[PDB]
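Inside the fold
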Amino acid sequence: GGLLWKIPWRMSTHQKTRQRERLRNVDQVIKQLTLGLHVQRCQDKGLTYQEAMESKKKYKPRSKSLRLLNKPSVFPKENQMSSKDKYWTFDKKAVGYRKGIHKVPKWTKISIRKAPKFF
Amino acid sequence: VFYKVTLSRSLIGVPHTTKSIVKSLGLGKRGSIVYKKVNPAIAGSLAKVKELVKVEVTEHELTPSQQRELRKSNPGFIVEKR
RNA sequence: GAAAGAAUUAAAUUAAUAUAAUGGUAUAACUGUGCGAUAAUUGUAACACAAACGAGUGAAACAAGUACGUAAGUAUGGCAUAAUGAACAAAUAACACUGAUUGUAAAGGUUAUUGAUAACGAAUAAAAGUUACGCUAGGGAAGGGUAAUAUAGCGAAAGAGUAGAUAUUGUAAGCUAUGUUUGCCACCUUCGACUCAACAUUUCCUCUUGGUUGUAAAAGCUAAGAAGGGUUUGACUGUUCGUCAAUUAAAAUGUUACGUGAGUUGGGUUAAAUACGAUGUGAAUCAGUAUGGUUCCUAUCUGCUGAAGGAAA
RNA sequence: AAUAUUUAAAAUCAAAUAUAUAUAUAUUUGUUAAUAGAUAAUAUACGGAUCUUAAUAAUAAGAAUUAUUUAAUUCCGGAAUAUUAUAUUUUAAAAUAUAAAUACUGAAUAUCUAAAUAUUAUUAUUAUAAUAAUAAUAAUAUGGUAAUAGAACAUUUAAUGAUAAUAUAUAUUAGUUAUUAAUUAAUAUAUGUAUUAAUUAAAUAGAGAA
RNA sequence: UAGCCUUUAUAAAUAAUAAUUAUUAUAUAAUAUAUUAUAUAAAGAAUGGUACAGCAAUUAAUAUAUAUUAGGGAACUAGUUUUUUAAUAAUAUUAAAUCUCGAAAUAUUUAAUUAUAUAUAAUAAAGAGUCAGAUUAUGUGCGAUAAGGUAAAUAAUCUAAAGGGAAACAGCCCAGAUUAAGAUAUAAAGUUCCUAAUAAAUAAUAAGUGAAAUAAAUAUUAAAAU
RNA sequence: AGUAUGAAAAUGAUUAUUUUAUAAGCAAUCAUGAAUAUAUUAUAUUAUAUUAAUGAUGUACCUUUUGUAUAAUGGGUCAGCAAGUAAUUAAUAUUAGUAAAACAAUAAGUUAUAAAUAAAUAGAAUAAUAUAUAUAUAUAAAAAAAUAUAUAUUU
Ligand SMILES: [Mg+2]
Ligand SMILES: [Mg+2]
Ligand SMILES: [Mg+2]
Ligand SMILES: [Mg+2]
Ligand SMILES: [Mg+2]
Ligand SMILES: [Mg+2]
Ligand SMILES: [Mg+2]
Ligand SMILES: [Mg+2]
Ligand SMILES: [Mg+2]
Ligand SMILES: [Mg+2]
Ligand SMILES: [Mg+2]
Ligand SMILES: [Mg+2]
Ligand SMILES: [Mg+2]
Ligand SMILES: [Mg+2]
Ligand SMILES: [Mg+2]
Ligand SMILES: [Mg+2]
Ligand SMILES: [Mg+2]
Ligand SMILES: [Mg+2]
Ligand SMILES: [Mg+2]
Ligand SMILES: [Mg+2]
Ligand SMILES: [Mg+2]
Ligand SMILES: [Mg+2]
Ligand SMILES: [Mg+2]
Ligand SMILES: [Mg+2]
Ligand SMILES: [Mg+2]
Ligand SMILES: [Mg+2]
Ligand SMILES: [Mg+2]
Ligand SMILES: [Mg+2]
Ligand SMILES: [Mg+2]
Ligand SMILES: [Mg+2]
Ligand SMILES: [Mg+2]
Ligand SMILES: [Mg+2]
Ligand SMILES: [Mg+2]
Ligand SMILES: [Mg+2]
Ligand SMILES: [Mg+2]
Ligand SMILES: [Mg+2]
Ligand SMILES: [Mg+2]
Ligand SMILES: [Mg+2]
Ligand SMILES: [Mg+2]
Ligand SMILES: [Mg+2]
Ligand SMILES: [Mg+2]
Ligand SMILES: [Mg+2]
Ligand SMILES: [Mg+2]
Ligand SMILES: [Mg+2]
Ligand SMILES: [Mg+2]
Ligand SMILES: [Mg+2]
Ligand SMILES: [Mg+2]
Ligand SMILES: [Mg+2]
Ligand SMILES: [Mg+2]
Ligand SMILES: [Mg+2]
Ligand SMILES: [Mg+2]
Ligand SMILES: [Mg+2]
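Residues numbered from 1 in each chain as written, not as in the entry; some residues may be left out. Chains lettered and ligands numbered in written order. Part of a larger assembly, values for the part shown. Heavy atoms only, no water.

In the PDB archive, cryo-EM is given as the structure determination method for this entry, at a resolution of 3 Å.

As structure tokens, then:
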């Protein structure tokens, strides 16, 4: 009411592009972690780096966090996500049950990917 | 193999839990680089802070002296005394 | 095939628990019964929980003695969580510690015990008011936000409108607008009159126009455009308001620190005096009544009214 | 082409992922706009300008609004090139690019380039030598109120204490040392001159804030 | 006083911080179905009752040409045709701060291992300041689903934080100034001019709607599925 | 309120250089032309100093506050003066002297040398490290709780 926190209700094209890149970067981090674990498993079994990378059979991670992060239904990749959920986040105190993801504190660091099926 | 991990985003607004996650990885100031022997423990610690770091796999590690040698720029001259 | 056992399974903790509520309880912690009345005993208590301190909570183990039990064992009050109070000063008993020249005393100490500081970590054994005659040191522990209220519109239309919800009208409920009202928060500690007014339009009059069994004419009601011009004298009252009288085309509503006190007034409302009615034992007090009653300023800047000089012409 | 709920990716349909190599299970995504309602008081307020494109028509414009995206999608190992700068010599135009898996701006961020301080290691030179000084390399760190802890400078006084007008002190101007301080030069005044350089001991020891 | 800060140190010191392994099951093998091994799937050792979900028990609500109970509605000498009120059964629907029969994520937390040692924890001697807090997000109590309101609960920042963006801006987005330099990669935000920096694709808008603070019910005109 | 000196500042008039009469805000910093001044290596196409062309950036300082350019406090300017000091004590830390002793040295006296108990006539290995011993509670005596002392040389 009194203070002027002039935060617009919708993002711009540049903001959307940056958000897309950030999502992609997190996806890349997850992918690299899994690949490193796979190569480590191969090297422990005896193979070397070259055919560890070229191995037809890729070893899946055995930790809960990595397995869940790799499941698309838990942490969908950027290209899998919907345009709505790329930029809008779920709020139960807002008309339409949505708010711009840029109104979340520290939104460039924290990650949101999934909202309720019917919201 | 090794995870080369770089502290990309800062910690000026990060909760103390994630801040400790990072500090326990050996990472310091923003832009710091560290190589970690790949294993599930470090993998999970990095997963929990995936949004503030960059990760890439490598065969071998580089000690800070080697990283410095690779970072040093090219002096465009050769000196002969007189 | 049948009796009598042992019981098993489902259900039950809704009854009962000394007492609130919560957790627990049938393997019962509930209930009945025999002994008993003993552990509702004594000297050390580790270690934990909780925790600023001071306090609080569970308790293994060693030693002394009890009651129950064939035995294994159980019992250091109550199925658990409330049922409480420091130190000082007094008082009673025991202990055999010290006995101010010595002896005994007196007195002190150790152990046990008693009385409550309910503002309940308890100032002292012991304590209420008033100041509009008041004083010092400090803090502020009309604007701003809100729109419950107020005002206004919109959607829908139950009902009036001799007939027909929609000429007019629109009663409970719905959606919004204003920030003029009464309140709410605590960022920020003069009401009326006189004079001069500037601004808005949510138009009172004046111009243009649509509707009106409910526009024959005249006078009207309702609505759209429209802010150019215009929009009151007097009696009562401190009054803004309000009731009247006489006028008017009309006697519209608001904003400007509810415009304007370095522009005037000081009638109301703000202290010192006094009296009345009430309250109080009293000082004195009152969103009571009445008479009287002390604030001033030569314009530096901005702004404005009107004059001049310098200048680039 | 006419009677014509609803505003949908649940269900169906279509593309993609992970298991599957003669096909299936699971997962991810794709279902409307414009206007009206609209709303006050010093002055119109996207910050302002201004922003919607159009043949003839020239080097040369056509959102600067909204919704998905690219810097070719694409996956979890591809090219598509009006680019612009080529031509033999061909004569309606003619050979070839870079540069596109990371367009551009952008901080006191990070790197590089140099400097200071502290510490952890390794070295070199010089004279608790297992030290001290200076320097070199790698790494980490250096915002700060209330507050804590180290170090140093200016002033004055006491102890020790040469030198001397070719000096000392003070003031102004211009230079030097990583500079609250001292120093060098010129000029001006006073003085045959230091409580001097340095080490200690002490303060009426540092003022835009009462 | 505790909590948060500072100086100096102590070792039979890593006790600190973070994550992983813990489990259940499948397949394929072995070994000796039971294991061991490999791969894979599952929100994955122990503790808990919030969201969600549900109507079980408790507390509340609705319905019935279905039943029990009571006064009992044209013939009448005890017994009806019934869109007769209330209570109890039956069936089907519903919700709740002090309701959880189901039940998350975060969370609490254990041993070992790994990483962080130019780093944590604990301990000893000694010195303070603080005990008026403020916004922004997410759950809430009160207020009216009001307040730049008030009261506490997790972050973060200001307090005590310069620098870039938000036009201007204590608290928002990014990033933490030892001193310079200015070549490179940039964060948030932007690239017609003011003002550093851009070229495109596919649709829609015609209302300057909108372009860095989205105003509602409703009304009109337009879009395709059978 | 001594004497002499006194280019100390605030303040006033005048002169010189430079800018200024189409431009708007803590009066300053940076960028950058131009005028002037000085310069005994300006060899210059030089250096330095002074000066509001012009451009960008820039919300005085303290106090007190959650928070101030704030229209919250204090200040017309300058010079001088203006605020953690003294004794008498206790605890801790560092160095220095001496050291199972130290300070005094006339006698005394204060710490340390033994822990404990409210106190009393009690007080530390029976041929070794707590399982022994001392004190306090309890005593046949132990056990139990808490502290403390013993593994050539006493701390
Ligand atoms: Mg009981
Ligand atoms: Mg119960
Ligand atoms: Mg504890
Ligand atoms: Mg305690
Ligand atoms: Mg009992
Ligand atoms: Mg005796
Ligand atoms: Mg005697
Ligand atoms: Mg006695
Ligand atoms: Mg009291
Ligand atoms: Mg109390
Ligand atoms: Mg208490
Ligand atoms: Mg009293
Ligand atoms: Mg009076
Ligand atoms: Mg009618
Ligand atoms: Mg009504
Ligand atoms: Mg009008
Ligand atoms: Mg007429
Ligand atoms: Mg007024
Ligand atoms: Mg008025
Ligand atoms: Mg005035
Ligand atoms: Mg008067
Ligand atoms: Mg009277
Ligand atoms: Mg009179
Ligand atoms: Mg689907
Ligand atoms: Mg306006
Ligand atoms: Mg830096
Ligand atoms: Mg510092
Ligand atoms: Mg820093
Ligand atoms: Mg002084
Ligand atoms: Mg002074
Ligand atoms: Mg100063
Ligand atoms: Mg002063
Ligand atoms: Mg304290
Ligand atoms: Mg449950
Ligand atoms: Mg609850
Ligand atoms: Mg560990
Ligand atoms: Mg408080
Ligand atoms: Mg508040
Ligand atoms: Mg901080
Ligand atoms: Mg403060
Ligand atoms: Mg800042
Ligand atoms: Mg902008
Ligand atoms: Mg700015
Ligand atoms: Mg507009
Ligand atoms: Mg001019
Ligand atoms: Mg001016
Ligand atoms: Mg205040
Ligand atoms: Mg400010
Ligand atoms: Mg002012
Ligand atoms: Mg002021
Ligand atoms: Mg003043
Ligand atoms: Mg004994």
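1. Overview of the protein's contact with RNA strand E
Not every one of the 55 residues close to RNA strand E is listed here, only the nearest: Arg18, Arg22, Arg67 and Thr108 of chain A together with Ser10 of chain B. In RNA strand E, atoms within 4 Å of the protein come from the sugar-phosphate backbone in 64% of cases. Between RNA strand E and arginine 62 of chain A, the relevant distance is 2.9 Å, taken from a phosphate oxygen to a side-chain nitrogen or oxygen of the residue. Elements with a contribution of two residues or more to the surface near RNA strand E: α1 (13-45) and α3 (64-70) of chain A together with α1 (16-23) and α2 (40-47) of chain B. Residue composition of the surface near RNA strand E, by class: 17 nonpolar, 16 polar and 22 charged. (Near = heavy atom within 4 Å. Polar contact = N/O pair within 3.5 Å; in protein donor to acceptor, adjacent residues only side chain to side chain. Helix = DSSP H or I, 4+ residues; strand = E, 2+ residues; numbered from the N terminus. Nonpolar A, V, L, I, M, F, W, Y, C, P; charged D, E, K, R; others polar.)

2. What about the sheet that holds strand β3 (residues 53-58) of chain B?
Overall, antiparallel pairing links the 3 strands, which are arranged β2-β1-β3 (chain B) in an open sheet. Each edge of the sheet is formed by a strand with only one pairing partner; in this case those strands are β2 (33-37) and β3 of chain B. Between one strand and the next, the sheet's axes are offset by a mean angle of 25°, whatever the strand orientation. α1 of chain A rests against β1 (2-7), β2 and β3 of chain B of the sheet, and its axis sits at about 30° to β3 of chain B. (Pairing = 2+ DSSP bridges. Axes fitted to C-alpha atoms, helices over the stretch in contact; angles between N-to-C directions. Contact = heavy atoms within 4.5 Å.)

3. Notes on the interface of chain A and chain B
Contacts between chain A and chain B engage 21 residues on the former and 24 residues on the latter. Carbon and sulfur atoms supply 65% of the area buried between chain A and chain B, which totals about 1800 Å² over both sides. Here chain A is connected to chain B by 9 residue pairs in polar contact. Put simply, the parts of the chain that give the side of chain A that touches chain B at least two residues each are α1 and α3 of chain A. Counting residues per element, the side of chain A that touches chain B draws most heavily on α1 of chain A, which supplies 13 residues. (Buried area = accessible area lost by both parts, 1.4 Å probe.)

4. Brief notes about the pattern of salt bridges
Residue and element names in this part refer to chain A. Inspection of every chain in the model, using the stated rule, returns 7 salt bridges over all chains. Measuring nitrogen to oxygen at the nearest pair gives 3.1 Å for the salt bridge that ties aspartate 27 to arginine 113. Taken together, the residues span a long stretch of sequence, with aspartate 27 in helix α1 and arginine 113 in the segment after β2 (98-100) at a distance of 86 residues. Of the residues examined, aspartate 27 reaches a relative accessible area of 8% and is grouped as buried. The salt bridge involving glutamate 78 is made with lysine 86; its shortest N-O contact spans 3.5 Å. Just as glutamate 78 is buried, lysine 86 falls in that class too. Within the structure, one salt-bridge network assembled from shared partners comprises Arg24, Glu78 and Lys86. (Salt bridge = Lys/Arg side-chain N within 4 Å of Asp/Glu carboxyl O. Buried < 20%, exposed > 50% of the residue type's maximum accessible area, 1.4 Å probe, protein only.)

5. Some details on the layout of surface pockets
Of the volumes computed, that of the largest pocket is approximately 570 Å³. Surrounding the largest pocket, 24 residues form its lining, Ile30, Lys31, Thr34, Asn70 and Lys77 of chain A being those nearest its centre. Among the elements that line the lining of the largest pocket, the one with the most residues is α1 of chain A, at 8 residues. Residues that form the lining of the largest pocket fall into these classes: 9 nonpolar, 6 polar and 9 charged. There is about 380 Å³ of room inside the second largest pocket. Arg22, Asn25 and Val26 of chain A together with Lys50 and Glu51 of chain B are the residues nearest the centre of the second largest pocket, which is lined by 25 residues in total. Elements supplying a minimum of two residues to the lining of the second largest pocket: α1 of chain A together with β3 of chain B. A per-element tally of the lining of the second largest pocket places α1 of chain A first, with 8 residues. In the lining of the second largest pocket, the residues fall into 10 nonpolar, 8 polar and 7 charged. (1 Å grid on protein atoms, 1.4 Å probe; cavity = no way out; pocket = protein on both sides within 12 Å on 5 of 7 lines; lining within 4 Å. Points joined across faces, edges and corners; volume = space filled by probe spheres on them.)

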